[PDB]
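Each reported figure results from applying straightforward, stated rules to the coordinates on display, with no laboratory input. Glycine gets a Cβ as well: all are built from the backbone with ideal geometry, and neighbour counts include every protein chain shown.
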Number of protein chains: 2
Amino acid sequence: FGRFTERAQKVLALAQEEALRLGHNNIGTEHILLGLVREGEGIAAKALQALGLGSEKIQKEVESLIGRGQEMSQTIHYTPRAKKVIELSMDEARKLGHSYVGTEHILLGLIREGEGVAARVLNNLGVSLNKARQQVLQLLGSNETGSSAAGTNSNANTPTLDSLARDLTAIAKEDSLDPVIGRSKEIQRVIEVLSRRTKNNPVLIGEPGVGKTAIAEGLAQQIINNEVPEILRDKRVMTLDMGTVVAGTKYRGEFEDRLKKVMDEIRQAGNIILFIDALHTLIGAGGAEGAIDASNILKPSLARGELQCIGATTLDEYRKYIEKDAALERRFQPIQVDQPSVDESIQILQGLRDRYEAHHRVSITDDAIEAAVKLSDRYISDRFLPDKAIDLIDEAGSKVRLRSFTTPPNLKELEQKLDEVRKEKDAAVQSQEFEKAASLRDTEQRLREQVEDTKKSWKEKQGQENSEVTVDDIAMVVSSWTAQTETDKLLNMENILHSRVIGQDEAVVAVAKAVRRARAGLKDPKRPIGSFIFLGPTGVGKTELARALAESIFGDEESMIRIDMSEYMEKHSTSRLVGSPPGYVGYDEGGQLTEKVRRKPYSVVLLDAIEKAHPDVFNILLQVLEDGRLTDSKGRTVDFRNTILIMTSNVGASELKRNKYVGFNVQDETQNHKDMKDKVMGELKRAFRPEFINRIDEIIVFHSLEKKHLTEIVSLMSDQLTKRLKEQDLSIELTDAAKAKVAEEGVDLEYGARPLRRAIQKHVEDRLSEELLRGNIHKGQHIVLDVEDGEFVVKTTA
Amino acid sequence: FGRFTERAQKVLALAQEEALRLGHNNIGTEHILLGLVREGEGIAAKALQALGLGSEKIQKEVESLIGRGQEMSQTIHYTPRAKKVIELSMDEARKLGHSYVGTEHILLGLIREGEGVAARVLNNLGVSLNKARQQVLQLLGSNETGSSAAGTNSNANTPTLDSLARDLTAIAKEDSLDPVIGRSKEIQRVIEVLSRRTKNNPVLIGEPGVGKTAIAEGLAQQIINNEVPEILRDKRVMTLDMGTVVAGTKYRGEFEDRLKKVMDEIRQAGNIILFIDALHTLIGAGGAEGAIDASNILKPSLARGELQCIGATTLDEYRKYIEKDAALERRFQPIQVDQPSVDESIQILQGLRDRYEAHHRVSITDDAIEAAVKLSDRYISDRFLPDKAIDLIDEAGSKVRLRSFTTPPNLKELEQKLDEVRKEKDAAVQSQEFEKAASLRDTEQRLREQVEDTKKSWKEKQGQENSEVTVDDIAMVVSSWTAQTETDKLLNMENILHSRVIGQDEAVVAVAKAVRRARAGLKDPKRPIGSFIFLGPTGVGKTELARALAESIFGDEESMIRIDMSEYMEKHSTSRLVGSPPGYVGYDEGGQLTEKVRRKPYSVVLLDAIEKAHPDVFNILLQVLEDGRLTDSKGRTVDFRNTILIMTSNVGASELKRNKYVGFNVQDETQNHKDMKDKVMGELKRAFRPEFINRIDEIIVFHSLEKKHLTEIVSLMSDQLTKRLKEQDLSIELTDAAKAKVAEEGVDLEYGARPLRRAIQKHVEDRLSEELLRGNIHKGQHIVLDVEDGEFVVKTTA
């Protein structure tokens, strides 16, 4: 463990004393034994002395074994035996509780480690090996705390508390309990519901979930001192443990008998508080089958206020309790439960910081902690508000410890050397090559010790790293699943969205800033952190931006939903379909849209082409744009809170598409920019509603296939070519000159970014592949796509 | 076998020594026995010396049996008795461990082989048979290699580490464990989670289905060399396996008890790591029923980081564990896992080459590994990227070893000869035929030995064949199952695609090259290896190519899906074919398209008539064409990555029936052709979106055909005709003259190579059948359909 108590460590160290004092150059097990008895009256020492083995008998034997007197010690270390006695005692102290290790455990461990020299010393001195282990054991000394033993007696208190179960108050009066951080404000509202007896019973309804039980520990504590009513005179709080009841009975009838028995002993009534966890399950109300029907005893118990109790139920479970009534409802009574808010989250993190010292990789920083919470809270969100957080802390709370030993100065090389030695050595001893092996051992064990020395020279790499969890550290980890490298994502959002997305710098910056505005909590984020209309012809920058947003906001690109509203049809297909039209919009509301965004809570919902794609859909989406929610799928609420709603359009497209390229225009270009930033968003308005648009964060125009925007679409598609072939092993690069020649062919006033795929396909994919067919390039060489003089040329550079 | 130790073999060989030295024509068991005791102090020998059976006692009995004087010792081999002892001992040493037979096993085996000459020698010399077999056994301490035995240590470690389990770490120190190749990049992020305390649990989410258990070996190894974190410098890695828990238990209550005890023993805390496969199952993993509700113990165990544990969870199941919280979600952490890419595949294969040395058509070649891998990985594809591969390697890695012994010069005939002998002899001995039986044995056993001598002369046919597993070998086998004779299929694709699309050489060569382009790693395999539209009139080469491509790429024609998009038009066939097919394109997405192509992954998706199929179809096809995926059927991903999208269409019909016809002019023909490969592809654009067409890899017109090309379509139809009649034994052949007469019909602007089917039907099946009925020809005659003076005449050539 490396955390041992003195008594152990001292008897062990006393061995080393005998090592040199007798010369035994490896500190033997005989010396560990001497160690016990020469340490006088530790439990080990004492023990041996009980059986009659004083220091006198032991050293007399010991000196007659290895004895004299080469006072040094060889690398002053132990015998392997003696090292075993230390390992053993540690476990012999685990067994006997003891987190650390005490004297006894060393003698106990000696007996255990019985081929050791000590063992034989004692078996020579007339005392059986087991007589020695006996003595130590029966003087059971180990680490202690959590005292609650001093003798106790009562009469009637016996029947209740036996069964079933732990007493929450008890564990909080010896404080082996911890607060734990709630869910504090809930507790006051419970004591209102509890210092009752006309409806005696609190019943907590809500998500369970971070630990319902935190509220419960609340009650215990407040019921003792002193804000507790005299309504609640001389109360005791006792907790239900379902697990003990079911265990050892293995039948429902027996289980019922035990619960019945408990209800009877509750006859101490009007002075008792019962905590019933999962209170509905016992009542057994509703469903196809019940849920366990303890209810026969439990229901009248609840009514009487003898089982004046606190019920911990769940969202559906309360329904299934008032469903019985009026004693499972005229006793029962629901209460609004807390699950920790964002600020509470931060506090929890820190609260368990100090136990992360056990792994030594966080404690600190606060700033990082905040990140854990906040960045996660707003951007995915795949856990609850504090759970998300803590996971990030620890995630980063290891991350740097990995970079520690991946790169110290890399005495990883040291170990690498030591390897080569052993081999040489080994095989040399085997080859003979004998004295040529000699030196090979010596070089080996030299190395071994050096190796071990420089890996604990990276205890300096520990005192450097072994507890922080920094801003960036947490933030990067927050990006890995999902302040610094999530808020650097936020601050540098424009930069990040541009680096994947096209020459529609107008569009990128508008979206970037609009999301970054909301996502930093200064603009309405109850509804998407950006609602948008993305105008432009398809493949221009629109989709690409949806992707880049996912990437920047959440730290992963693949948190992007994508629904085509135009695909929902049969919405006027009365008898036209056949005789009924069962489906598509019904599928979208009733299942698809609501389930999907509920699945990935935050995610770029990319709602394709809603230019005329069921005018009802725009209203449905409007509720998302306003509230951040839709209610469909028979009562599910889908949170589009920090989704990025991107509603696409290609009705403005025509003007967005327009040129800026030379070779054919020099004045239409400087009339295409200015034209697109006004005209596009107005072909939009006719294709939507202003009511829709009013709940949108910003209306984005993707000035496209410019001069400029083209050679960036070409650089996305062509770069996807050069990358998709490397898995199958081909290295492609297009020079800027070759990406340019393709870009000329997607522009004018008319077309889209549609012909760009086809021409990239032709000039890169098809051409290179026809270039493997012509033998200039091959598979797995580097292919530079160049222009020779105005005629295309595929060059090779590998 | 051949897996024998010396001592065994030596006592046995000593038998042969006695064979001639005492003269035993076949050297009895008595000589093996003499062998044992004269080999002195091998365990058999040694044993006999205990029983009192020195060389003295044995040889006196032996010499009184035979003892003299067949000094030649007839073709010096053993007796069947003595041979039995050798066969027996090998296994009598397997039985007692040993894969290499020791002395003991031969004496043990003598007793076993107790009728034997040896056995009887000893039972004559006063030593009971079991007293002897005992003696060897009680002087055989048995093997202790591959293990470590010298004593034990430790106390508390006992209950935990016992249970439960194998311990990969043990086999990874004292090697017996595989590397494995991995799934290496997963391990850093995993070790990150064991360098933590709020997070504690790495939890691997992905297909299980990657050989997840390989990753598990990862930790052990990596915690050793060379990244060593602070708590993972005192961590131990312990494996928990479900299989031992279920066995001998057979009760859920008992199962819970066993787990509770284990979890309790984890009190060695802050020093232990638990590997839990199927971590979700224990938690409850949502659902309509629990998956096991170990969760009660498991959750606090997860939270403290006492049981920092490693979760192997499934796609839905993980969701249903992080939902439980905040200990099955606090500890939890998702991680990105690997299922091998093509390069990784290759490396695994090679690593395990050396053990199908044993399969003697393997180990080697590298190039063969590559063939296996690359061809399966990219082309159908029925497992994971390395599993597919090795089956092909190994297929071939035996295949030629089969050709070894089914084609040497085929000394199988020898055995055939030997048959006639034995019989003749046998029956001759029974009839008598005294000397007529005599000579028959002599011919029999002479022959027999010659056979066997030359069957192991094809150990030269082994020394010839027994490694190598080449490219081509693999490739042919990959075609057998489903990188030379699959990449020769690619390079020579034009020949292969033409041999069924005999006609439209223009079209064929474009497609051939387009797939061959992609499959050689330089085109687009993200998109289908070739997406195409094959334009043409039906029954011209279009469909026929879809098949021929399947054949060439996958080695099988029938890996071809086939969807009519005009049926999934939701307005062409929703109300004149079917009732309510959830609004027909909804049927296609929601079920049909996605299920079909997902079943055979890289199937030729053959999309009929995309002229009109509703504009909704074209978006879906565009996505198939672009991404190489479609996502439908409530979250299924259907892989169109290296599918062959082949879309047929009569879209530009007029040109797709303006053949190559002599009718208008003979200067019209290569002007119907060249014209058709341009004019069609613009009616294509008019009938369906250009955006769709731009992600198509190449737009093929599979021309409408006029002789030249007709008489080659006629020759496909006629060859399909004549061949389906061979199964029921009716042989037809058409002369080239007759294939010409049918082609005149397929001429003109007015039709393609369409009318040809009816006219092959009429002129081959129907005409030959009306001639088979007229007695001009008969069944199973080779039936020549010939032209006389310009009209058919059926000739016979049988």
Open item on the list: Can you go through B:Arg598, B:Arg517 and tell me which one is part of a helix (DSSP H, G or I), under 28 Å from the mean Cα position of the chain (by Cα) and under 27 Å from B:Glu683 (Cβ atoms)?
Closed with: B:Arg517
TODO: State whether one or more residues within segment A:780-797 are of a type in the set (A, V, I, L, M), within 12 Å of chain B (Cβ to nearest Cβ) and more than 18 Å from A:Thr735 (Cβ to Cβ).
DONE: no
- [ ] Give the number of residues within segment A:133-168 that are outside any helix (DSSP H, G or I) and either within 44 Å of the chain's Cα centre (by Cα) or among the charged types (D, E, K, R) (or both).
- [x] 16
- [ ] Determine which single condition B:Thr198 fails, assuming it passes every other condition in (1) closer than 22 Å to B:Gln339 by Cβ; (2) surrounded by 18 or more Cβ atoms within 10 Å (Cβ to Cβ).
- [x] (1)
Open item on the list: Taking the condition of being surrounded by fewer than 21 Cβ atoms within 10 Å (Cβ to Cβ), not in a helix (DSSP H, G or I) and not polar (S, T, N, Q), how many residues in segment A:744-793 meet it?
Closed with: 22
Task: Matching residues in segment A:76-113 - criterion: being of a type in the set (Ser, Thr, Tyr) and within 11 Å of chain B (Cβ to nearest Cβ) - done: A:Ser89, A:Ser99
Task: Search result, residues across segment B:89-118 that are in a loop (DSSP other than H, G, I, E, B) and either aromatic (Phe, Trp, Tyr) or crowded, with 24+ Cβ neighbours inside 10 Å (or both) - done: B:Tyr100, B:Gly102, B:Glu113, B:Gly116
Task: Failed condition for B:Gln350, given (1) away from chain A (no Cβ under 11 Å); (2) closer than 27 Å to B:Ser195 by Cα; (3) out of contact with any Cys (no Cβ under 9 Å at 6 or more places or on another chain); (4) not in a loop (DSSP other than H, G, I, E, B) - done: (2)
Task: Residues of segment A:740-768 satisfying the condition of being of a type in the set (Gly, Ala, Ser) and touching a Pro at 6+ places or on another chain (Cβ under 9 Å) - done: A:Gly746, A:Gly752, A:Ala753
Task: Candidate set: segment B:119-163, residues that are under 26 Å from B:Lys46 (Cα atoms) and among the β-branched types (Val, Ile, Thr); chosen: the one surrounded by the fewest Cβ atoms within 10 Å (Cβ to Cβ) - done: B:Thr145
Open item on the list: Consider segment A:353-380. How many of its residues are touching a helix residue (DSSP H, G or I) at 6+ places or on another chain (Cβ under 7 Å), within 12 Å of chain B (Cβ to nearest Cβ) and either under 25 Å from B:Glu323 (Cα atoms) or acidic (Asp, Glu) (or both)?
Closed with: 4
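Residue by residue, here is whether (1) surrounded by fewer than 21 Cβ atoms within 10 Å (Cβ to Cβ); (2) more than 14 Å from chain A (Cβ to nearest Cβ); (3) not hydrophobic (A, V, I, L, M, F, W, C) holds:
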{"position": "B:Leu656", "(1), (2), (3)": "no, yes, no"}
{"position": "B:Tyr661", "(1), (2), (3)": "no, yes, yes"}
{"position": "B:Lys685", "(1), (2), (3)": "yes, no, yes"}
{"position": "B:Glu712", "(1), (2), (3)": "no, yes, yes"}
Task: Selection from segment B:231-277 of residues that are away from every other protein chain (no Cβ under 14 Å), surrounded by fewer than 18 Cβ atoms within 10 Å (Cβ to Cβ) and under 19 Å from B:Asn201 (Cβ atoms) - done: B:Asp241, B:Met242
TODO: Scan segment A:275-287 and give yes if some residue there is under 42 Å from the mean Cα position of the chain (by Cα), under 30 Å from A:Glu230 (Cβ atoms) and assigned to a helix (DSSP H, G or I), otherwise no.
DONE: yes
- [ ] Being within 22 Å of A:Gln504 (Cα to Cα) and within 10 Å of another protein chain (Cβ to nearest Cβ) is the filter here, so list the residues in segment A:722-751 that pass it.
- [x] A:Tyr751
Open item on the list: Would you confirm whether or not segment A:330-347 contains a residue that is part of a helix (DSSP H, G or I) and at the interface with chain B (Cβ under 10 Å from one of its Cβ atoms)?
Closed with: no
TODO: Report the residue count in segment A:387-401 for those that are within 17 Å of A:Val471 (Cα to Cα) and either within 7 Å of another protein chain (Cβ to nearest Cβ) or among the β-branched types (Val, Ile, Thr) (or both).
DONE: 10
- [ ] Residue by residue through segment B:169-188, note down the ones that are in a loop (DSSP other than H, G, I, E, B) and either among the hydroxyl-bearing types (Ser, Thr, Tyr) or farther than 25 Å from B:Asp343 by Cβ (or both).
- [x] B:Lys173, B:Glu174, B:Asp175, B:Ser176, B:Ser184
- [ ] Give the number of residues within segment B:48-88 that are of a type in the set (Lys, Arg) and assigned to a loop (DSSP other than H, G, I, E, B).
- [x] 1
TODO: Would you confirm whether any residue within segment B:552-567 is within 20 Å of B:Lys674 (Cα to Cα) and either in contact with a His (Cβ under 6 Å, 6 or more places away or on another chain) or within 14 Å of chain A (Cβ to nearest Cβ) (or both)?
DONE: no
TODO: Report yes if A:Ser345 is touching a helix residue (DSSP H, G or I) at 6+ places or on another chain (Cβ under 7 Å) and of a type in the set (S, T, N, Q), otherwise no.
DONE: yes
Open item on the list: For segment B:220-230, check the following and say yes or no: at least one residue is more than 12 Å from chain A (Cβ to nearest Cβ), of a type outside the set (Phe, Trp, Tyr) and more than 28 Å from A:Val245 (Cβ to Cβ).
Closed with: yes
TODO: Mind listing whichever residues of segment B:634-687 are within 30 Å of A:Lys596 (Cβ to Cβ), among the β-branched types (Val, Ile, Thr) and out of contact with any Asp or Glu (no Cβ under 8 Å at 6 or more places or on another chain)?
DONE: B:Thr637, B:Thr643
Task: Hits in segment A:20-35 - residues which are more than 13 Å from A:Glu63 (Cβ to Cβ), in a helix (DSSP H, G or I) and more than 47 Å from the chain's Cα centre (by Cα) - done: A:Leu20, A:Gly35
- [ ] Please give the number of the condition B:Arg576 fails out of (1) within 14 Å of chain A (Cβ to nearest Cβ); (2) crowded, with 18+ Cβ neighbours inside 10 Å.
- [x] (2)
Open item on the list: Being surrounded by fewer than 17 Cβ atoms within 10 Å (Cβ to Cβ) and under 42 Å from the mean Cα position of the chain (by Cα): is that true of B:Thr648 here?
Closed with: no
Open item on the list: Just checking, does segment A:41-58 include any residue being more than 22 Å from A:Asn124 (Cβ to Cβ) and surrounded by fewer than 19 Cβ atoms within 10 Å (Cβ to Cβ)?
Closed with: yes
- [ ] Please indicate, with yes or no, whether at least one residue in segment B:493-505 is closer than 30 Å to B:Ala358 by Cβ and either away from every other protein chain (no Cβ under 14 Å) or among the aromatic types (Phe, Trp, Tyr) (or both).
- [x] no
Task: Residue among A:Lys299, A:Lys320, A:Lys261 that is basic (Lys, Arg), assigned to a helix (DSSP H, G or I) and touching a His at 6+ places or on another chain (Cβ under 6 Å) - done: A:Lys320
